[PDB]
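Following: one structure in structure tokens, then a few remarks.
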Amino acid sequence: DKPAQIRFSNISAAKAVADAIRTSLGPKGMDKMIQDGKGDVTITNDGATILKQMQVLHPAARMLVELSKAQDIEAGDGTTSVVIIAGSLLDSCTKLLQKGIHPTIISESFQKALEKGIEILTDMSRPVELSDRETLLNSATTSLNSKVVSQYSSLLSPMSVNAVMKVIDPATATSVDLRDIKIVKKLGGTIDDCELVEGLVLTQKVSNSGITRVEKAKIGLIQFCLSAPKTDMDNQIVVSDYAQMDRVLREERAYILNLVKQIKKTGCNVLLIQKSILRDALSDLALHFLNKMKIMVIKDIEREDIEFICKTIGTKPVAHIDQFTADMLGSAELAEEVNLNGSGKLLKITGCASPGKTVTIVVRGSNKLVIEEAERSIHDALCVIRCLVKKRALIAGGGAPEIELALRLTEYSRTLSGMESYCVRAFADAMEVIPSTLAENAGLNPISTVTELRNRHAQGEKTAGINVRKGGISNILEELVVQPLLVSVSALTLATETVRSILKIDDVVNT
Amino acid sequence: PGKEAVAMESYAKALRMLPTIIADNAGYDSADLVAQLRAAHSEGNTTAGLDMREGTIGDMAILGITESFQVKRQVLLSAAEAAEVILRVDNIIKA
Amino acid sequence: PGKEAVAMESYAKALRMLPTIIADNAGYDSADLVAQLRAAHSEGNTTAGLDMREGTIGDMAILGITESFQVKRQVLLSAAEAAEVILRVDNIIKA
Amino acid sequence: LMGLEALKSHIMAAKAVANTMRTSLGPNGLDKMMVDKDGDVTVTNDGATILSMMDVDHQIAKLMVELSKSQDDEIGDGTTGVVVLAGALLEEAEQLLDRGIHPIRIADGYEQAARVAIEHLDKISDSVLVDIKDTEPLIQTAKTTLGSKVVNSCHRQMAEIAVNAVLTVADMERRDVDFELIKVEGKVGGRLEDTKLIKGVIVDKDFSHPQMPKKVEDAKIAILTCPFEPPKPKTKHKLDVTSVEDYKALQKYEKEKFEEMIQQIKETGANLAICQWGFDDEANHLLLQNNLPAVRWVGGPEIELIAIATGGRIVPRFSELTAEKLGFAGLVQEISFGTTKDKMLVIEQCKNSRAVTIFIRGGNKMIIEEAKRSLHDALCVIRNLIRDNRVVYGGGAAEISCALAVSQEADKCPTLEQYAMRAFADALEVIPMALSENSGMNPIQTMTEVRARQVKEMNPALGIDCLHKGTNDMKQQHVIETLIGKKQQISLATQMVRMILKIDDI
Amino acid sequence: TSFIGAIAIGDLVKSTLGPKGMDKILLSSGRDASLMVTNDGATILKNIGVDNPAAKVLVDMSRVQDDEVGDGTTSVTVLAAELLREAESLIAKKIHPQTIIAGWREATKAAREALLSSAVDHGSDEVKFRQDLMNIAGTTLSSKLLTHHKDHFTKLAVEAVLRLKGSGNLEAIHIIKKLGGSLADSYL
Amino acid sequence: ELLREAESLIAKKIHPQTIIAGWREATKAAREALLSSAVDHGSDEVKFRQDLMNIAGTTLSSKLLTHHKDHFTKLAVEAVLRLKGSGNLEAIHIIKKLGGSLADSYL
Amino acid sequence: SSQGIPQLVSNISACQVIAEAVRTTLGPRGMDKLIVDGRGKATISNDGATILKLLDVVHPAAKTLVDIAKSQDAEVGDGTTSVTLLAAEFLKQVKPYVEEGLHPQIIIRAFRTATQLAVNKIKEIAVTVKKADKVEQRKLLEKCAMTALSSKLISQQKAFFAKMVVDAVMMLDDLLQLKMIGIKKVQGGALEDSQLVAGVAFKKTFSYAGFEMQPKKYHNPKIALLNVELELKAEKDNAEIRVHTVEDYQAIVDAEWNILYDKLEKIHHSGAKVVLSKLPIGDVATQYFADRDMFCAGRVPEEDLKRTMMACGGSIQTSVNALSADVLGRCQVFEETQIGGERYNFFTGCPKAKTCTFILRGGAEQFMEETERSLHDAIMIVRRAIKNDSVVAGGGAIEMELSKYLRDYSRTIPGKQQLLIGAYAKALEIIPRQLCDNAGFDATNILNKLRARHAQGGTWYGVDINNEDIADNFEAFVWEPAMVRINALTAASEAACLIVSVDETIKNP
């Protein structure tokens, strides 16, 4: 009674989210207006930008948002395919619980279906070897030509290949770190000037008297006090004159040189500026003195840059002056401020020693939206190439994996025994919504299209899918649309994980 | 002999319901499993148990799935005393 | 074994209800009385029953109270088959 | 309501009748209660009656019952299976139309799946046929009828009587033989074992002529309907004589009419004589003094059936007392009317096969009507088995074998009919589904277990257990159903879907 | 009062009972962005808001002696709730509560005696101790998803606890909450 | 009572046909035990006389009558002993007459 | 209602509603409709003519449309659905324009000129192959019937079905209601073989002994057409006689039957030499008829009597009257052949062979019913086609030819009539659309390519229901007669223009 009712309600909420998102799938896509508290409009063809700003009440909606976020952070694209698989599996679950079979068997059967489906997708895919630049560029162009970012991904794809080659030798199958390869902007500019920056791009400096460039830069990681503390007020006594506060002013003028002499025995060249809530103070009257004898201040550093610079140049994190020893110092090859193709004060660090070969790409553009679209293009390019390199053997897309996987999973349910057999059959014959969604968004009769795909996968080619850029079922064109095999692996595994978790969930309780 | 024989049978049924819930949470046929277990170790065969890993009768002597004596005795006594405490109150009043 | 165990146990308790009903109509402590008789048979007394003149269990051979075998056997079999034929129908169709 | 929504409600009503009939499948079928216009009640799991007696105030339900009736004699046991399979097909077609498929497309897909299932049924064949030695195989086939209903002693005699009657009534046995003429008769009374096969007709007789030769080797029979004693065409007749010697003159006229005619009739080779109405036993005493075994009280339909049995037609007047007009028997024998307390003489006409019937007794009106339906179903299945000797294993095994066949075939076409055949597959699956629902075991667990057994081992003789024999193979169980019977069931189910799947009625 | 609360708490704990159970999701009031999914019924009983005083006193009477032994909570709560429901049926059948108390006291004495008789000693042999400790660890570590990581917990816990050989060091054992590498391996 | 418990079992999601099978097995076992446990008073005369007397008296005590059960039962067993085993419901001639008292009944 | 547009749009809605009673029954595989009589009788018929005949229509607009439909049924019979759908869709496609406020007289003359032009185009584009005498054209009609029958998808016996039906209709059968030339279906047996009955006879005789030794092959039997019967228990005499001897009681049993014996003797001696009866007859009666050296058939259907009227040239007797051979019919063939299990008695060969019916035996039920409709349609189309001057490609093709032609003429004609002719042309598209929808609901997908390839060049291409793909409706031997299509289109146009010409409905209760 109550457990069945609450599971039905959870399934209904998840299916409502999924079917509201179903229309916006794939490169073709169709948008909605978001039901929000401000009343604005959205023309966002994608699916992620709905869940990421969805007013969610039911915990099923929240868990589907976590599903989409996990899929995006894992591999990027497919963020709508995952949620639509989830919704279809929950619809199959609605049917199965309508017949009354128990949720735990549903979870176990879906786990078996997941394992066999991963085996199937690994089987039929093309075992492309990713070891050299020609293979990398082939994978990159196959990944970029199938999306709408092709126009500008062309110039940046070889550079992203260079970056991922810097990170590791592709013979090492370990995944590259998406966060390690940071993306930065230099304000304005052209498009071609977006260039690789080995080392790191750093924030803008203040240039009272500090040098613009230095060979063999001795970068120091500074987080400690600057002055005699102006602890609580600008004046401690009658405000006729600063009779006693002159002491702390000249103590600033003395402690600045005291710390600079404490630095020069180590040789800190640059200064990352932490905010004034951590620092005692920051002002030109002391920053000039630090600058003139080779301590350049760089504005408003943040924790991500601190972690990145620690990972790169080996400077240990610092919270006090006494650790000014060489542990907080790094010795690069060269550090320069470069302003080509439009002036820009962002500092660069070059050729420093690093355990991990962190690399960044600077992004340029005549408009801010162009810069950010280039950033998201390079972001998804790194996502797809990383999920390929860590798993190899990319797969053709366009519902072809769903058709082939549903067919072999239906026959697997045929040969499988026990209660789980019909569960796996329902999983397979409901999972086919993705090609049905492509057919709906392509204008073809969805059911007839799904039947045609299933028939063509039978007794014939298994890579045949629905073509989104020419039209309809196609087999002759191999490059219909291709995604790394990890895209489908993550989709199926996260979808089944969340579905079987939903099945495991019972009797929602307020604290 | 006493009328508490019905209460004793009720206790036996309630304790029997625990492996029934074990089977139900695992999706197996609860009634069939518990009845066949009752038969399996009511005709002697004291070591017979319910193998939840496949949902079949399992001779627990060789499967090795065992539970420490102290936790079973503690849960038995604690459930008994808690049920007594909850049962023996008939009416409640509040401030 | 099998699901039939619970079904026939419930049938046994339904049989137990018959002397329970007899005692209840007699005004005695019907539940306690039938529990005492059940205990007497469990320990083993094939002649133990209820003394209807004054409510208590007693070895019914000395008291001389009895019933003919044929009527009791036919009542059991006929009631069983009647309950069976009623149960074997799920829904009634009317016109 | 028009269009797809009207058809949705129509499928809902069809499901309403189908799930009501669902629990009655198979030998382990759960019974149904029928209360009629007359106010009487009966418990019965036979589908034919609980469709025919059932009425539903919806036109498509009326077409359901009419189309089941149209193949009533053709398919006896299937009366449940065809309806439940049509119901499951409509339940899956509900989802199919909810996905937008046009009704005639799924109808033609069901027809294609019917062709595939039929061709798959062709692949399973048993029951070698030879009429004299078939007795043992045929009683093993009738074991299905025996073990299912209330016949706990599972009388081999009823299986034997059915098989001998069907094999004797038509000497030619190859195909499409004329088994339409046979029928079974019964009445309340003695035990169910009180049965006898007659190569002719059993008459009803009063208990006069007590010790007379009820058994005579009469090749020919006197079918003389003239009143030996005053007639009664619903109107009584009168007597009036002047004296006792006038009545003795009446006696000598009676003696003329008895000895002279019956001497002539025995000269034509007949001793047993019929009379249209009896008047009194003192007139019967003259017949006893003439040693006449005779019967009477034959009604209009009764005497006409006697005529069709014996080939002779009634003789009402003196001038027609010739040999050619009287009816033949070849032999006549006498058998107890009940168990032992009453006796009956029975007229066989073995020289012609045009009249063979089966007499059965029963201890109750419910018992006798249950025997009627059970023996009718056994007669139907043996008739349909000997008409087409090919047979398939029942107990849901054939339906799920067809389910595997059509489901694996569903990938052979690119058109919309693929989902139609998949719906046909998981609808053919209902027979073990509901056959375990009305049985004890869990439906899906056992259904999928045997379904996968048919894949791990190729023999399609695997089905769910229905008598708790402890085995899932149906070959030792021998719960077997005629192959052409299964073909008729599946084809009638497909047609029964089609005839209300293409309907947009008022 | 009638035991609706005492059976409601048991019903809301029932589906979590034992391995291969059912999960629960607990979320904060006020529709704030915070929730968590859990399988251990002890977590639900800790996070439950007991609006019924009977349920409150039941969970309190459990907590004094259920979390001490460990994993008993999901068994003690469900068994107590089923006992209360069966006793509610009994009192519906006009069986006085004190009769039920006496019957359950004697029945629990009998059940404990049967448990002691059925209990098997495993001292004096090292290999029997090894197998028993791995089995009991696997039955108590019946919560993680990864079966190889299940075995990792089993072996690590068994080897950590067996090396005592003496009076309890549970007062001294600890499990450090520091984050490491792979979510499927363990260490001591 | 059987149908009450049957509905209770159906609520427990136990299928009707399992109930029928278990009930039939239970009746088989119960009838067998009853037959093996019933007592044949067997080959005796005086003990059989006392047994006939008290069994007839108690069987007739199941009716409303309480006073003159013994007389009717003794008369019936006298008739049956005249039968010597040849059970005959029509050996007794059963005439009825309105009026009088129950003590006025005569064989 | 109110004058002008508000009532005319109500007429539009009523015509749409009456279309919905026919909309889904256009194609040969279209949805069938169950229609319930007020008596509680359920009747099933997928042809629009029968549906509208059984359906009672009350709304005056629907009344006029159904009246035009019945006139077309009297004309052809299958055109009822076509004319109703054309009228409804013409009204639907003028609905937006008439609601805009343009005067309906404009659309009256617009439809008039459009349909006159359409008739001109039909007569211009219709083609004739006729020339039916040669064997090639006999098998051309054979393949036409085969395409009509293609639901069976049988092997060469498909062509045998076609040859048998075309021969039966071509043998001296004029254009008529075709009811006498019907078919019957039988269980069991091989579908490869069945009887080409040279007339019509009784469905299945009884088990009487007179059947087995019945006198097969009468050379020229005169027939008796009876309805009154002789049977058991039907009649008796309530006579009372005092005893005088034992020979006297036979007067009563004589009086019970003597009039019946004399009746049968004389009615058989009338001059007929085989007798039929619509009501059951006794086996004893059959034996006395055998004593008359004669046979009787009881329980004959009334359609047997009507086919005897129109073919056998007989006349009803109905009782013992008419003891003369003058008023009795004649036959040239008689026999009995148990067709599988069907104990069919045969008496065939008539002064008029208008009925030469066929009996089907294929061992099923689901196939031979749609087979009955398919043979009905094929034998109908051949006879209507041979009468007409010319034939045109049907099955949604010629509707598109006219639609394209009228679109081209509309887009070049000036004045407000051109929008109206375009609406007419788009409404003329309904028949292909409904043929596709009732077949596979893929109407748009196939209709788009159909119209495109039709506009590509001059062709008779249309929709094929057999494969849901475009096929040469001409040279695939699926046809509609040109004159019948003129009648259908003109009748639909007159119905539409008449019903949209009316503003007010007048009541005087």
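Residues in the structure tokens are numbered from 1 in each chain, the chains being A, B, ... in the order shown, and ligands are numbered from 1 in the order shown.
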- Task: Please give the complete set of residues from region 161-325 of chain D that DSSP, run on the backbone, assigns to strand (DSSP E), formatted as a ChimeraX atom specification.
- Result: /D:183-188,195-198,200-202,220-222,270-275,294-296
*Output as a PyMOL selection string all residues of region 7-91 of chain C that backbone DSSP marks as alpha helix (DSSP H).*
chain C and resi 7-26+30-43+60-63+69-87
Excluding same-chain residues fewer than 2 positions from residue 378 (chain A), what lies within 9 Å of it counting only C-alpha atoms, as a compact mmCIF listing (two decimals) with C-alpha atoms, in the first residue's frame?
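Written out: selection.txt:
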# COMPACT_ATOMS: atom_id res chain seq x y z
CA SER A 153 36.77 24.35 -32.83
CA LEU A 156 41.66 25.06 -31.24
CA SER A 157 41.45 21.28 -31.68
CA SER A 160 43.82 20.99 -27.19
CA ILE A 183 40.72 27.85 -19.14
CA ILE A 361 44.61 27.91 -22.96
CA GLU A 373 31.45 30.28 -26.40
CA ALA A 374 35.08 29.54 -27.28
CA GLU A 375 35.65 28.62 -23.63
CA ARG A 376 32.70 26.22 -23.57
CA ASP A 380 33.56 20.18 -24.13
CA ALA A 381 36.40 19.31 -26.52
CA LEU A 382 38.64 18.47 -23.56
CA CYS A 383 35.74 16.56 -21.98
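When chain B is least-squares superimposed on chain C using all C-alpha positions, the deviation that remains is 0.6 Å RMSD.
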Taking a cut-off of 12 Å and counting only C-alpha atoms, can you build a table that, for each residue of chain F near chain D, reports the nearest atom pair and how far apart they are in Å (one decimal), sorted by chain then residue number, as JSON lines?
{"residue": "F:13", "atom": "CA", "partner": "D:440", "partner_atom": "CA", "distance": 11.0}
{"residue": "F:14", "atom": "CA", "partner": "D:440", "partner_atom": "CA", "distance": 8.4}
{"residue": "F:15", "atom": "CA", "partner": "D:440", "partner_atom": "CA", "distance": 6.1}
{"residue": "F:16", "atom": "CA", "partner": "D:440", "partner_atom": "CA", "distance": 7.8}
{"residue": "F:17", "atom": "CA", "partner": "D:440", "partner_atom": "CA", "distance": 5.9}
{"residue": "F:18", "atom": "CA", "partner": "D:440", "partner_atom": "CA", "distance": 5.2}
{"residue": "F:19", "atom": "CA", "partner": "D:440", "partner_atom": "CA", "distance": 8.8}
{"residue": "F:20", "atom": "CA", "partner": "D:440", "partner_atom": "CA", "distance": 9.9}
{"residue": "F:21", "atom": "CA", "partner": "D:440", "partner_atom": "CA", "distance": 9.1}
{"residue": "F:22", "atom": "CA", "partner": "D:440", "partner_atom": "CA", "distance": 10.8}
request  = Please identify every residue of chain E that has at least one atom no more than 8 Å from any atom of chain B, counting only C-alpha atoms, and report them as an NGL selection string.
outcome  = :E and (1-2 or 6 or 14-18 or 20-22 or 54 or 57-58 or 61-62 or 65-66 or 69-70 or 72-73 or 75-84 or 86-87 or 90 or 97-105 or 107-108 or 112 or 115-116 or 118-119 or 132 or 135-136 or 139)
For residue 126 (chain G), list every protein, DNA or RNA residue within 10 Å, evaluated using only C-alpha atoms, and leave out those in the same chain fewer than 5 positions away; present the list as a short mmCIF file (atom, residue, chain, number, x, y, z; two decimals) with N, CA, C and O atoms, in the first residue's frame.
data_model
loop_
_atom_site.label_atom_id
_atom_site.label_comp_id
_atom_site.auth_asym_id
_atom_site.auth_seq_id
_atom_site.Cartn_x
_atom_site.Cartn_y
_atom_site.Cartn_z
N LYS G 121 -11.79 17.38 -67.68
CA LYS G 121 -10.47 16.77 -67.51
C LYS G 121 -10.57 15.26 -67.36
O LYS G 121 -9.71 14.53 -67.86
N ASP G 389 -18.25 3.89 -70.74
CA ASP G 389 -17.47 4.16 -71.94
C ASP G 389 -15.97 4.03 -71.66
O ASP G 389 -15.23 3.44 -72.46
N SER G 390 -15.51 4.55 -70.52
CA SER G 390 -14.09 4.60 -70.24
C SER G 390 -13.85 4.38 -68.75
O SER G 390 -14.77 4.48 -67.94
N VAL G 391 -12.60 4.07 -68.42
CA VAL G 391 -12.18 3.83 -67.05
C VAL G 391 -11.00 4.75 -66.75
O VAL G 391 -10.25 5.14 -67.65
N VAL G 392 -10.84 5.09 -65.47
CA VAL G 392 -9.77 5.98 -65.03
C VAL G 392 -9.12 5.37 -63.80
O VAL G 392 -9.72 4.57 -63.08
N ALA G 393 -7.86 5.75 -63.56
CA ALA G 393 -7.11 5.21 -62.44
C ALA G 393 -7.71 5.69 -61.12
O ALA G 393 -7.80 6.90 -60.87
N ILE G 398 -6.69 9.61 -59.34
CA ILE G 398 -7.40 10.60 -60.15
C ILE G 398 -7.86 11.78 -59.30
O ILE G 398 -7.99 12.90 -59.81
N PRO G 481 -14.40 3.40 -62.49
CA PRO G 481 -14.96 3.76 -63.80
C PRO G 481 -15.06 5.27 -63.97
O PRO G 481 -15.41 6.00 -63.03
N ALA G 482 -14.77 5.74 -65.18
CA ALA G 482 -14.77 7.17 -65.45
C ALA G 482 -16.17 7.75 -65.33
O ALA G 482 -16.36 8.81 -64.73
N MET G 483 -17.17 7.08 -65.91
CA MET G 483 -18.54 7.57 -65.82
C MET G 483 -19.03 7.54 -64.38
O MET G 483 -19.72 8.47 -63.93
#
Can you tell me, as number ranges by chain, what residues are no more than 6 Å from residue 49 (chain C) when counting only C-alpha atoms, ignoring any on the same chain fewer than 4 positions away? C: 57-58, 60
Q.
List the spatial neighbours of residue 353 (chain G) as a count of residues only - criterion: any atom at most 10 Å away, only C-alpha atoms, same-chain residues fewer than 2 positions off excluded.
A. 21
Need to verify the contact set: region 191-208 of chain D, 9 Å, only C-alpha atoms, exclusion of same-chain residues closer than 5 positions in sequence. Can you return it as a VMD selection string? chain D and resid 151 155 157 to 158 161 to 162 164 to 165 168 to 169 281 284 294 to 298 302 305 to 306 309 to 310 329 335 to 339 342 to 363 367 to 368 371
Restrict the calculation to only C-alpha atoms, then for each residue of chain D with any atom at most 8 Å from an atom of chain G give the closest atom pair and their distance in Å to one decimal, rows by chain and rising residue number, as a tab-separated table.
residue	atom	partner	partner_atom	distance
D:59	CA	G:42	CA	6.8
D:101	CA	G:441	CA	7.6
D:102	CA	G:441	CA	5.7
D:104	CA	G:439	CA	6.6
D:105	CA	G:440	CA	6.1
D:176	CA	G:341	CA	6.2
D:177	CA	G:341	CA	7.0
D:178	CA	G:341	CA	6.5
D:181	CA	G:207	CA	7.4
D:226	CA	G:250	CA	6.7
D:227	CA	G:249	CA	6.9
D:228	CA	G:246	CA	7.7
D:230	CA	G:249	CA	6.6
D:231	CA	G:249	CA	7.1
D:233	CA	G:238	CA	6.5
D:234	CA	G:238	CA	7.2
D:235	CA	G:238	CA	5.5
D:236	CA	G:240	CA	7.1
D:237	CA	G:240	CA	5.5
D:238	CA	G:242	CA	5.0
D:239	CA	G:243	CA	5.1
D:240	CA	G:243	CA	5.9
D:241	CA	G:243	CA	7.6
D:250	CA	G:245	CA	6.2
D:253	CA	G:246	CA	5.8
D:254	CA	G:246	CA	6.2
D:257	CA	G:246	CA	7.2
D:300	CA	G:232	CA	5.6
D:301	CA	G:232	CA	7.1
D:304	CA	G:283	CA	7.0
D:307	CA	G:284	CA	7.4
D:308	CA	G:208	CA	6.5
D:311	CA	G:209	CA	6.6
D:313	CA	G:284	CA	5.2
D:314	CA	G:284	CA	7.1
D:316	CA	G:253	CA	6.4
D:317	CA	G:250	CA	5.9
D:318	CA	G:250	CA	7.9
D:354	CA	G:207	CA	7.7
D:491	CA	G:366	CA	7.7
D:492	CA	G:366	CA	7.6
D:495	CA	G:366	CA	5.6
D:502	CA	G:31	CA	4.7
D:503	CA	G:32	CA	5.1
D:504	CA	G:33	CA	5.3
D:505	CA	G:34	CA	4.5
D:506	CA	G:35	CA	5.8
Near chain C, meaning an atom within 8 Å, which residues of chain F appear when counting only C-alpha atoms? Write them as a PyMOL selection string. chain F and resi 1-3+5-6+9+14+16-27+31+34+37-38+54-55+58-59
Restricting it to N, CA and C atoms, dump the selection as a tab-separated table (two decimals), in the first residue's frame.
chain	number	residue	atom	x	y	z
F	1	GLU	N	-16.51	-20.49	9.52
F	1	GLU	CA	-15.18	-20.20	10.07
F	1	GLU	C	-14.10	-20.40	9.02
F	2	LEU	N	-14.22	-21.46	8.21
F	2	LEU	CA	-13.26	-21.68	7.13
F	2	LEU	C	-13.26	-20.51	6.15
F	3	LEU	N	-14.44	-20.01	5.79
F	3	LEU	CA	-14.50	-18.91	4.83
F	3	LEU	C	-13.97	-17.62	5.44
F	5	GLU	N	-11.52	-17.45	7.69
F	5	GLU	CA	-10.07	-17.59	7.64
F	5	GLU	C	-9.55	-17.55	6.21
F	6	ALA	N	-10.37	-17.98	5.25
F	6	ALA	CA	-9.99	-17.92	3.85
F	6	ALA	C	-9.88	-16.48	3.38
F	9	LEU	N	-6.77	-15.07	4.80
F	9	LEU	CA	-5.59	-15.51	4.05
F	9	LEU	C	-5.48	-14.80	2.71
F	14	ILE	N	-2.43	-14.86	-0.16
F	14	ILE	CA	-2.30	-16.29	-0.42
F	14	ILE	C	-3.39	-16.68	-1.40
F	16	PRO	N	-6.21	-18.38	-3.74
F	16	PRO	CA	-7.29	-19.30	-3.37
F	16	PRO	C	-7.00	-20.77	-3.65
F	17	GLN	N	-6.34	-21.09	-4.76
F	17	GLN	CA	-6.15	-22.49	-5.10
F	17	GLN	C	-5.14	-23.16	-4.17
F	18	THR	N	-4.14	-22.42	-3.70
F	18	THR	CA	-3.27	-22.95	-2.66
F	18	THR	C	-4.06	-23.25	-1.40
F	19	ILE	N	-5.02	-22.39	-1.07
F	19	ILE	CA	-5.87	-22.65	0.09
F	19	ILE	C	-6.66	-23.93	-0.11
F	20	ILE	N	-7.21	-24.13	-1.31
F	20	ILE	CA	-7.96	-25.35	-1.59
F	20	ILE	C	-7.07	-26.58	-1.44
F	21	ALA	N	-5.86	-26.54	-2.01
F	21	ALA	CA	-4.98	-27.70	-1.96
F	21	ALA	C	-4.56	-28.01	-0.52
F	22	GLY	N	-4.15	-26.98	0.22
F	22	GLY	CA	-3.78	-27.18	1.61
F	22	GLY	C	-4.94	-27.67	2.45
F	23	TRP	N	-6.13	-27.13	2.21
F	23	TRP	CA	-7.32	-27.56	2.94
F	23	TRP	C	-7.63	-29.02	2.66
F	24	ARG	N	-7.53	-29.43	1.40
F	24	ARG	CA	-7.80	-30.83	1.06
F	24	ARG	C	-6.79	-31.76	1.72
F	25	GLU	N	-5.51	-31.37	1.71
F	25	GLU	CA	-4.50	-32.17	2.39
F	25	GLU	C	-4.77	-32.24	3.89
F	26	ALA	N	-5.15	-31.10	4.49
F	26	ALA	CA	-5.44	-31.06	5.91
F	26	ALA	C	-6.64	-31.94	6.26
F	27	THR	N	-7.68	-31.92	5.43
F	27	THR	CA	-8.84	-32.77	5.67
F	27	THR	C	-8.48	-34.24	5.51
F	31	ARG	N	-9.04	-36.55	8.71
F	31	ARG	CA	-9.92	-37.70	8.63
F	31	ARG	C	-9.15	-38.98	8.95
F	34	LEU	N	-8.59	-39.01	12.70
F	34	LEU	CA	-9.85	-39.26	13.38
F	34	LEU	C	-10.23	-40.73	13.31
F	37	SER	N	-8.04	-42.76	15.47
F	37	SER	CA	-8.19	-42.42	16.87
F	37	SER	C	-9.57	-42.73	17.43
F	38	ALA	N	-10.58	-42.87	16.57
F	38	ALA	CA	-11.90	-43.26	17.05
F	38	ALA	C	-11.84	-44.66	17.64
F	54	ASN	N	-25.42	-44.85	26.73
F	54	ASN	CA	-24.94	-43.49	26.97
F	54	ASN	C	-24.69	-42.75	25.66
F	55	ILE	N	-24.24	-43.44	24.61
F	55	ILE	CA	-24.03	-42.74	23.34
F	55	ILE	C	-25.37	-42.28	22.78
F	58	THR	N	-26.55	-39.25	24.88
F	58	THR	CA	-25.84	-38.00	24.61
F	58	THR	C	-26.12	-37.47	23.21
F	59	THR	N	-26.28	-38.36	22.22
F	59	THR	CA	-26.63	-37.90	20.89
F	59	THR	C	-28.01	-37.26	20.88
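Residues of chain C having any atom within 6 Å of chain B, counting only C-alpha atoms, are residues 1, 2, 3, 32, 35, 36 and 39 of chain C.
In this comparison, which uses only C-alpha atoms, the residue of D:392, D:425, D:150, D:34 approaching chain A most closely is D:425.
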Produce a table with one row for each residue of chain A that has an atom at most 9 Å from any atom of chain B, each row naming the nearest atom pair and its distance in Å at one decimal; use only C-alpha atoms; arrange rows by chain and rising residue number; format as JSON lines.
{"residue": "A:101", "atom": "CA", "partner": "B:27", "partner_atom": "CA", "distance": 7.9}
{"residue": "A:102", "atom": "CA", "partner": "B:27", "partner_atom": "CA", "distance": 5.1}
{"residue": "A:103", "atom": "CA", "partner": "B:27", "partner_atom": "CA", "distance": 6.9}
{"residue": "A:104", "atom": "CA", "partner": "B:27", "partner_atom": "CA", "distance": 5.5}
{"residue": "A:105", "atom": "CA", "partner": "B:27", "partner_atom": "CA", "distance": 5.8}
{"residue": "A:106", "atom": "CA", "partner": "B:27", "partner_atom": "CA", "distance": 8.9}
